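Here the chain labels run A, B, C, D, E and F in written order, and each chain numbers its own residues starting at 1.
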Amino acid sequence: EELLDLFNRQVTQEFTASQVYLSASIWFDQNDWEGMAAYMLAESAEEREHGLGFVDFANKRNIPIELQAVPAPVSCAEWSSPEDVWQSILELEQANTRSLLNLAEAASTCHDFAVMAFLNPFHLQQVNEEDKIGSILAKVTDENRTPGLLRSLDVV
Amino acid sequence: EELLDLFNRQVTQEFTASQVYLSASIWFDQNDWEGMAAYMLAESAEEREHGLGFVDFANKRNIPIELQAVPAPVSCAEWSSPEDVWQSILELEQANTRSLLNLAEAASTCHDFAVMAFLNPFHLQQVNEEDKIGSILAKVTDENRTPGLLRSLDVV
Amino acid sequence: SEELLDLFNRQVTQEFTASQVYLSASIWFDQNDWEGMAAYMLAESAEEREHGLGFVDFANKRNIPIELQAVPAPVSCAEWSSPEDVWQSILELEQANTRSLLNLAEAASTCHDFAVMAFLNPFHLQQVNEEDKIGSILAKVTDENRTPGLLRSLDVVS
Amino acid sequence: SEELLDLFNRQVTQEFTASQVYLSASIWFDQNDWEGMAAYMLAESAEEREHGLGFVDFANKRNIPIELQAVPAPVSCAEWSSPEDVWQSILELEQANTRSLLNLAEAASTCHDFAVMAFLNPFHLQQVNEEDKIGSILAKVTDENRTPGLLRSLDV
Amino acid sequence: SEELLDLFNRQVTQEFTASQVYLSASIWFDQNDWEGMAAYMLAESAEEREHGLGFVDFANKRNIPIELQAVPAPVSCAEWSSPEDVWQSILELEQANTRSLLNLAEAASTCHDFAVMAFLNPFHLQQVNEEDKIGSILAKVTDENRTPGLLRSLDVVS
Amino acid sequence: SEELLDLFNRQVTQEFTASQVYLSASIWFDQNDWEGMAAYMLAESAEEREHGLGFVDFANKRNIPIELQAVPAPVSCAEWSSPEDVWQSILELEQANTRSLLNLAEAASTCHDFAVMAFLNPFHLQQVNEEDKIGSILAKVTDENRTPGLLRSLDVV
């Protein structure tokens, strides 16, 4: 069952993204970027809510779920500026999107209309999310060209 | 036209489900399961609302509807206990799901994007409906293992 | 007696039949862009179903076993060509709902079933009002339809 | 593909085109003292422009490059002689808008562009409603205009 | 007289043309992540359209025939490389807007068309305010863009 | 505070591990139509995650470097076959949560780390409440399950 495997992989991906957001929050806080840290923290909670949403749907639809390990976040070992963090987060969101499109493709092949329906708001949410991050990343890489200026904008 | 047939049959299945629910409420009332009876009666009204929503849509989309007979319910002749009723209601909801998927499959083939959009909330509702019925039947089957205990579910 | 039981079941069937026929009238009206008349018939469809459900509840309480019968496909829509045809069939439908109720009352009266007769009284009075109201809409329709477009101009209104 | 970006641009144009066509109908109605019908077309003109703006916003978010095309002048108003002529042109405009959205949907479908398909669903459902409503208005106009002066009653 | 009637008809095209150019500026700003400037341009796009609708409504009342013309494709977007280029084009747009209203008022004046001159007064005062507002934004923009990153930091603000 | 830093990290791991085990319990309950027990475990999963975040936040303020470890795949769920088995595994999870807090407090006490010890105090007390509550639900579960169907009637509660 490709569809079942992909659905389980989607849950893991949501919780993986939740932990990576959490890792970003930690790096920001340790480096005194409290406004960015709070943003990443809120995003960590929202990603977990997505995973929980997929778990609930799967239970109702009899798609057997088994929780996999949530891997330790790795990018954080090499972040050295807010630009590096935001870039990893963009890449994370790009991967979340492909991971949802993969799942949709599998559902489409199986003619699974209920799964396709369930995924629609997540596809639209990902469009908004990639846009929002790509646009914070533009602003960060523009303001970091003047020493200190980026800080002055972490002022939430 | 296959799409136009499958759309009419859908209206028929919603109204037929409405009557089957009403037959189940009657069987429970006659047998003093007033709680289960009120539940079935609410579901009857709700299936009827789905049929009317299909009819309204078909009217707007110029999908000619012609109302078919609602057949005499017949499972009621055979029900001996709440478990038999709830088992039939599960198979009814499984037939409602099947009927929706048949119609979606045909809308897909025809690239009828509007019909497919219209069906999405019904797909997601059926997921919840089957889960809910499956779960009630689980409880009934467990509680009916001790004499008189199921009579406690009915007071809820 | 089984005669009473029979007529009580028939009454439930007639209410649900009327509910379906009212629904077919809504559909014809809607398809032909008479949204006001369509809304009226849709409300009546829901009300007739409510009456059937009231009879079922009463029967269950009184130990009158109900067995639900088929509700036939409404077939008059095949031949309706104007609002007047539709309202004419609805007036005939209400004349039939009045008949099945007076059949039932006749049998209850024979049987000295005071409880059934008491239960039927508000339904007799409601049919009086229903027949009056449908007869009166039909007279308005039939008058207004003598001038092209005039009927439409009032669906919109009313 | 390329055809998908293209058709997405084309959609924005079709929305703004239809906005102008509605404004031209308002003008003919006003000029000929049908103020109620004029109010109605004017509100629809605003709404079509809002639809184009919604497509522009989504395209921006999804990095579909939009480039605004000229908005063609409306052509039908030179030949309108009566309200029925106007409402018939507006029915055709809406049928044109529906075909336009289905074209776009067909392209997204081939591309497996699930985000674009989710985004279009409320528009497919809205167009069903719009065509029904204009159809219904046209029916009434065509019936009432059979008696001299009677249509002026509708205008309210 | 025909001079005036044509210039009035054509003011409607100029309002909608300005609407579409504002919209094009909004798009450029959104695609380049200046959401704050994009929202300002989008609001002005709606307001320019409302002005053209105001002209159309007045012409209908005064029996000035309106024939709606093509709204030209905006063309400065292809050339814009920075917010300063966009605000500069928007300034030229408003100065054109102002000149087209002054030409209209001049024709009305020649025609002794007191109604048209009255109708135009609040637009002349509005153009004064808009040109000032855009001149001012363009001055801020050109000053802040002297330090890398600084202009960003104010889109975010205002 | 080498020992102390590593124990403080492990505590974060244990909170998030417990969060996932609660979630796995919620899933087993939902799949087996025990909605009320499932709700309870979901509620607990959220609250374990919150504890994890409180430890992380304190660590960040106190400059204890946190590196987030893998959260392992829950395993007990492969063996559960009745509610009693789930609640017994949850009681053992809470006993292990109490144990890791107590390793932490011992290391802090050794280091005379007064702020860390102050920070743990409400968690100590919470763990008392939590072990008591889970012990008490397990006792009720084990009792009601002696009559067929009886437990079900009280998830319905």
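Assume a residue touches a chain if its C-beta (ideal position, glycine included) is under 8 Å from a C-beta of that chain, and two chains touch if they have at least 3 such contacts.
Centroid to centroid, with C-alpha atoms defining each point, chain D and chain E lie 25 Å apart. Chain geometry summary: the mean Cα position of chain B and that of chain F are 41 Å apart. As a whole-number value, the distance joining the C-alpha centres of chain A and chain C reads 58 Å.
Separation between the centroids of chain A and chain D, computed from CA atoms only, is 38 Å. Touching two or more other chains at once is no residue of chain C.
Viewed as a contact network, the protein chains fit none of the simple shapes, being neither a path, a ring, a star nor fully connected. Per the contact rule defined earlier, chains pair up in contact as A-B, A-D, A-E, A-F, B-C, B-D, B-F, C-D, D-E.
Across the complex, chain F is touched by residues 134-135, 138-139, 142-146, 149-150, 152-153, 156 of chain B. The part of chain B that touches chain C in the complex is made up of residues 19, 22-23, 26, 29-30, 41, 48, 52, 55-56, 59, 64-73, 76. In the complex of the two chains, the chain F residues touching chain B come out as 32-33, 35, 147-150, 152-153, 156. Residues 58, 60-62, 112, 114-115, 118-119, 121 of chain D are the ones that touch chain A when the two sit in their complex. Residues of chain B touching chain A in their complex: 100-101, 104-105, 108, 116, 119-121, 123-124, 126-128, 130-131.
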